[PDB]
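Q: To start, I am sharing the structure in question, which I have written as structure tokens.
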Amino acid sequence: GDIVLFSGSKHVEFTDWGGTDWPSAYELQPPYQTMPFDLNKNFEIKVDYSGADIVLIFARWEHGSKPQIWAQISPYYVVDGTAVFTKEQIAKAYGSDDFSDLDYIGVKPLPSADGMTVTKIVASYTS
């Protein structure tokens with residue numbers, strides 16, 4: 001299956017690492033929002049974007065003894081203005097493919113004069 005998480009034209013301005021705030025094109029908080037795709041499946045996240053380089057963040061906030069995970073990943077690869085992020089890649093960054101503690105998923109730009117525009121985000125299942 002292919003699951004559209006967003007389609008349209010979402011623009012994010014972010015011209016440098018100036019502030020402590022870091023704006024996103026797309027965010028999910030699994031503990032708080034019903035999920036549009038199944039993290040347990042072998043998935044890839046595909047993002048059609050332009051204007052800035054792009055990063056996917058899987059994060060777990062710090063809770064007692066467990067540290068904050070900020071699994072920021074560059075695309076597994078980019079093709080044709082589409083970034084592809086894989087579960088295996090995400091898992092390697094996150095430390096595991098156990099997402100039972102996952103607090104945050106964010107798609108974010110790196111600094112850009114023009115800002116980043118996302119047109120489509122798709123989760124597809126791979127096997």
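Every number here is computed from the coordinates shown, using simple stated rules; none is lab data. Cβ atoms come from the backbone with ideal geometry, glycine included; neighbour counts cover every protein chain shown.
Q: At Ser74 and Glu13, where each label point lies 7 Å from the Cα along Cα→Cβ, what is the point-to-point distance in nanometres?
A: 2.8 nm
Q: Now for a different question. With runs of 4+ DSSP H residues as the only contributors, calculate the mean residue ellipticity of the chain at 222 nm using -39,500 (n - 2.57) per run, divided by the residue total and rounded to the nearest 500. Let's see the in-between values first.
A: Details: 1 runs with 8 residues, N = 127.
My calculation for the chain gives -1500 deg cm²/dmol from helical runs alone.
Q: Let me ask another. Just in the range 1-104: which GluC sites (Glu not before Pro) are loop by DSSP and have at most 14 other Cβ atoms within 10 Å?
A: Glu13, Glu62
Q: Output ³J(HN,Hα) for the range 110-118: one whole-Hz value per residue in order, computed from phi by the Karplus curve 6.51 cos²θ - 1.76 cosθ + 1.60 with θ = phi - 60°, and x for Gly and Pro.
A: 8, x, 7, 5, 9, x, 9, 10, 9
Q: Determine ³J(HN,Hα), in whole Hz, for all residues of the range 15-27 in sequence, where each value follows from phi through the Karplus function 6.51 cos²θ - 1.76 cosθ + 1.60 and θ = phi - 60°; x replaces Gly and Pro.
A: Values per residue, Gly and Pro as x: 8, 6, 6, x, x, 9, 8, 9, x, 10, 7, 6, 9 Hz.
Q: Run the count for the chain, please: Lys pairs, Cα-Cα under 26 angstrom, 8 or more apart or on different chains.
A: 21
Q: Of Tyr77, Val107, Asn42, which is farthest along the charge dipole of the chain in the positive direction, counting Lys and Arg as +1 and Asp and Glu as -1 at C-beta?
A: The listed residue farthest towards the positive side: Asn42.
Q: Would you mind getting me the FRET efficiency between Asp21 and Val84? Use the beta-carbon distance for r and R0 = 22 Å, nearest 0.05.
A: According to the calculation, E is roughly 0.20.
Q: Over the Cα atoms of the chain, what Rg and Dmax result, in angstrom?
A: 14.2, 43
Q: Also, quick follow-up: Using a 7 Å offset from the Cα along the Cα-to-Cβ direction at both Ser124 and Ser96, what is the distance between the two label points in nm, to one decimal?
A: 3.0 nm
Q: Still on this structure, I have one more. If you line up the Cα atoms of the range 55-127 on their principal axes, what length do they span on each, largest first, in Å?
A: 41, 35, 16
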